[PDB]
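Only one chain is given next, in structure tokens, and it is the form deposited in one PDB entry.
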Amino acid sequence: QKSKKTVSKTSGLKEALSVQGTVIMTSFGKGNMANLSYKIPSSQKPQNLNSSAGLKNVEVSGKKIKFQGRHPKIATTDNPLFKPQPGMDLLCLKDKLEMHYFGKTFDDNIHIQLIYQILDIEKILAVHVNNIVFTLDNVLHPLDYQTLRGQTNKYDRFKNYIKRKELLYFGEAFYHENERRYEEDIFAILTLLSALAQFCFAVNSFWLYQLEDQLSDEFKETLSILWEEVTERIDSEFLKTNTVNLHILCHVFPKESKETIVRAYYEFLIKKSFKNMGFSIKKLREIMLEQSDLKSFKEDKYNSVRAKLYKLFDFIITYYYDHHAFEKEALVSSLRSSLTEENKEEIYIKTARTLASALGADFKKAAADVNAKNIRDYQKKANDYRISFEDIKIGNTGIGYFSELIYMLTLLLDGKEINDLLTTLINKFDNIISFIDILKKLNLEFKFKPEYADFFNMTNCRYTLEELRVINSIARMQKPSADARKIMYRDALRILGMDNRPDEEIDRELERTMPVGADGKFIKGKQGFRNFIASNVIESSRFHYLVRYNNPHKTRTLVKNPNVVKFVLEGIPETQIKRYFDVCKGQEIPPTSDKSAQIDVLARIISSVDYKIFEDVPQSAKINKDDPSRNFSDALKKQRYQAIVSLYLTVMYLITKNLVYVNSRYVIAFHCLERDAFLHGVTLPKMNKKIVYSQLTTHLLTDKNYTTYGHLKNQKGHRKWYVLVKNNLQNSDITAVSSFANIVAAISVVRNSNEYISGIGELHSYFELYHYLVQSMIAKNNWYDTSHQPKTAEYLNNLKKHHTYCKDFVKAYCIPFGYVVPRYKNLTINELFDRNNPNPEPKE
């Protein structure tokens, strides 16, 4: 196998640019900035030098550039000017894109790389907006301000929809404290969501890039309050909340003033600045804890205090490098100039070992002050600090309109999805700034078209990148606690049995098990079961995910097919299977060592789960996680019940989550197809009120330019994918392709998955499960036309006979993506679909 971590990239080279006949070589800088190193000019080719940089001994040999870095070794790279067309992309849209964004064609390859980073900023945003729209459409079943009341029809639907009580399932989007927001704020949020949704599918075409002159004076007011809400909560009473951590830190560092520690802690914790530095801090800490002198904090005595312990340890590492500017730089360069992946691990081990000896004593001093007695003492004297530090607070700084829109989106997403959106955006913006820096340094054109000029400039992009980092930290924090209500209790009992039964029956069982007095107040005596449900099924992140993306009425079908359950359990490692088996075993099961024996018992336990088993829980008992030998008969029974429920919810959560992941990767393909058709000048026709998505692949199969410098090449020696796409184009249904597009847009695989998951034969990947469900929907609903294509009958017979999807049918309805071969191969071959599960391609 070949890795993109090549010799040239290791030796120091970052980029190789072509400008007006000369070639320019750059090198790595501070963070992501690039500095100029060498220039080879035209004709004479003296191999000119620009700065010391890191490159040395650059020469030209044939069509190759031969250079050398700081280490003694020879690196070889290819001259960018010795190509059939310099800087041209495989999709043949360089000039069109440059004219669309800048207004004139350029003789270089710097601008098109910048344009693709902008093109990548819209795929992930479209994915997440589609997910959010589906979530709101699923949980709640189906002009500016004044006209809506005058309509008398939209007002009668908005007043009732806003009246729905399922809005609690989104944490802070619609509910503050324990009361509903004003109507106009909800209206503003919904209108903004609709506008972004209609923008991201490709309102004016420049809406997102100029919002100051296209937002009314009432939408700006709403976005400001939501940002001011979270900032005032954290900025105020910051000293009172974090008294324990500040007292310990000032004890470890006695020679430092109180003001310095307070400011340093604010940067480490609120606006995290220790993450994007160059080396991992979490990974360094893990290796230090495996040393002989420090392998005690891994024991069970520190289970109750482990989140607080690890925060203190990380701050000590960050503070050590914030004062040693020489050792920090050496570590980054060592990691950036490594040969293989095994070499990186050796560097981390050496650094981790030498740190444990240097600052291991400070680790123990902090760990001797984290216990029950000391923590309570500190909390009493919480008003002994008086520090201003008002300048660096996040509340005393304005924020842009683009960043405020992102925060509003974060109010409707969970922890993992916030990471995916913000991480991708940060990377794209960092790359854009570097390209503008190189262009401005070389005296080339850097001004965008007037429409894009306000947003796409270096002065604004730096501000946006700084704001996006804070939003990631502040929007993932735990929201304030809220009181559970009757609606949530109904859904909790509807998962553990009680599927599709009248609300009166659920209400009667609520009265019998959770007593309510004659005055509408709970009885103080017996409330064990209610606390068990609230603390294990209502306050779990998995339960929220199941309600948003699935239906509690029909969610029990996923654990009735042994093939589906056994596929999920087989992926869990052996160590975690043993712990599940031990706690959840029972009393009449012999102890076994084989893995397959353990899966069989666990599979049966998940299948038979009812709420009546948990009706007698010793909720009043206390479980000791520090010394597991002090637990007794009543305590151990409680552990079994909360372990079973966690396994029950986890299996459903994993199946639902992975089906959404596969679906979103098909939204990207359809989003790109509409974008590319407009640029290439090809319109998508209509026939019998359908959309022929296969028009672009037919048009580009008979184009002279695309068949010479394109993905689909028709020449002697490179005529492989031209034939296959042409052959597969003859085996397609217009109805089948159109039906597939509607399935992906509405995410109907996840929603209608209770009617077709009971008959799957054998599973080996999530790819097979997704396509089995798709091909079952087409067969039952008669979404095909055998008259126009006599081959769709053969595919359906293969599916019904073998109880598994057909490989030749996935190539029929995924053909409108054939003009891009890498995307077509990835989405039609199981081996190449998943990045984390690579397998050899099956030749046949």
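Note that residue numbering follows the sequence shown and begins at 1. Whichever C-alpha set is largest while still superposing within 1.5 Å between the two forms counts as the rigid core.
Quick note: we don't show the form deposited in another entry, though the next part is all about it.
**Q** Which one of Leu249, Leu193, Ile757, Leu493 is the only residue whose C-alpha moves by 2 Å or more between this form and the one not shown, after superposing on the core?
**A** Correct option: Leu249.
**Q** Could you tell me whether the Cα atom of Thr351 shifts by at least 2 Å between this form and the one not shown after core superposition?
**A** Yes, the C-alpha moves 2 Å or more.
**Q** Spell out whether the Cα of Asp391 moves at least 2 Å between this form and the one not shown when the two forms are superposed on their rigid core.
**A** Yes.
**Q** For a quick test of reading the superposition: does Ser481 move by 2 Å or more at the CA between this form and the one not shown, rigid core aligned?
**A** Yes, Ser481 moves 2 Å or more.
**Q** Tell me whether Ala325 and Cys461 end up closer or farther apart in the other form, going by their C-alpha atoms; the shift is 3 Å or more.
**A** Compared with this form, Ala325 and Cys461 lie closer in the other form.
**Q** Work out whether the Cα atoms of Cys461 and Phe274 come closer together or move farther apart in the other form than they are in this form, the change being 3 angstroms or more.
**A** Closer: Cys461 and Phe274 approach by 3 Å or more in the other form.
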